[PDB]
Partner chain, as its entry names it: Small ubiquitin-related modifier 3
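As a starting point, one isolated chain is supplied in structure tokens, in the form deposited without its partner chain.
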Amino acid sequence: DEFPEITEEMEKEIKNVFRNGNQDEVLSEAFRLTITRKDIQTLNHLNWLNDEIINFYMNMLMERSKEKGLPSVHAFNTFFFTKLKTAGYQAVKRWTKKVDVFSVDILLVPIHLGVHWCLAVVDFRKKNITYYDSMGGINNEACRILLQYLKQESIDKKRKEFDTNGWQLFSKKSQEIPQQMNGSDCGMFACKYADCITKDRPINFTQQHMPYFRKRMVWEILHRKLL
């Protein structure tokens, strides 16, 4: 335990933005994104997160990754995977215009499967590609789709072969990682998995920590500051 606490004063800030008012009010703005009162509300109660929250959060992990001791990180926008599974390399090879995906330690790939979120992660240090689902599901397919994409990107941006030597692809089973009870927490699980993983910290929390993680993320998002 010893999760950073949310002081009373922090709580007032949180309560305030869960209130009603200008639903368009830009609560925070960064990385080409825009979190409004409306997006922020998707964190309330037991509401489903929306893509804006997820992408904004993933970008904070990415910004945090700029410090040392820590593994450098690129985070793909959430639309990336689905525009890859359903339309292939061609539709998304553009998005990495100006990005050397091979120059970082870790890639985050939020995976939107219907109403559900999961996450895949390319860690180059370990030389492996891993899939995380807070519901137990496994999805070697998605890891192979990322290998293919990786393969095809090496050629394209690098004119070189992608070396799969030692490279392992796989899913983590329900006992390896805390599981959800509320379907709506799936997005929180994905964001929180990436938080530990990008700090190279063990995934320590469980489902009971979710009400608090939602409250905290509102806060973090609003200050563009991770605790």
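Shifts are known only where both forms have a C-alpha. Whichever C-alpha set is largest while still superposing within 1.5 Å between the two forms counts as the rigid core. Residue numbers count along the first chain shown, from 1.
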Report the stretch with the higher mean CA temperature factor, choosing between 108-116 and 79-87 on the basis of the entry. 79-87
Higher-scoring stretch by recorded Cα B factor average, 179-187 or 57-65: 179-187
Candidate set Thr36, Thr198, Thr42, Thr164 [ranked by C-alpha B-factor, highest]: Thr164
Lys12 by Cα B-factor - lowest, middle or highest third of the modelled chain: middle
If you rank every modelled residue in this chain by C-alpha B factor, which third holds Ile155: lowest, middle or highest? highest
CA B-factor ranking of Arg94, expressed as a third of its chain: highest
When the deposited Cα B-factors of this chain's modelled residues are ordered and cut into thirds, is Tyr149 in the lowest, the middle or the highest one? highest
B-factor third for the C-alpha atom of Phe18 within its chain: highest
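There is also a form solved in complex with its partner chain; it is not shown, and the following applies to it.
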Although its partner chain is absent from this view, report whether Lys127 comes within 4.5 Å of it in the deposited bound form, heavy atoms only. no
Is it the case that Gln180, even though its partner is missing from this view, gets within 4.5 Å of its partner chain in the deposited bound form, heavy atoms only? yes
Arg32 versus its partner chain, in the deposited bound form: is there a non-hydrogen atom within 4.5 Å? yes
Answer yes if any heavy atom of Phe79 is within 4.5 Å of a heavy atom of its partner chain in the deposited bound form; otherwise answer no. yes
Just one of 23-31, 162-170, 63-71, 198-206 has residues with a heavy atom within 4.5 Å of its partner chain in the deposited bound form, so point it out. 23-31
Within 38-53, the residues that have a heavy atom no more than 4.5 Å from its partner chain in the deposited bound form: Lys38, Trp48, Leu49, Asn50, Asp51, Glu52
Tell me, which consecutive runs of three or more residues change place between the shown form and the other one by 2 Å or more at the CA, with the core overlaid? 4-8
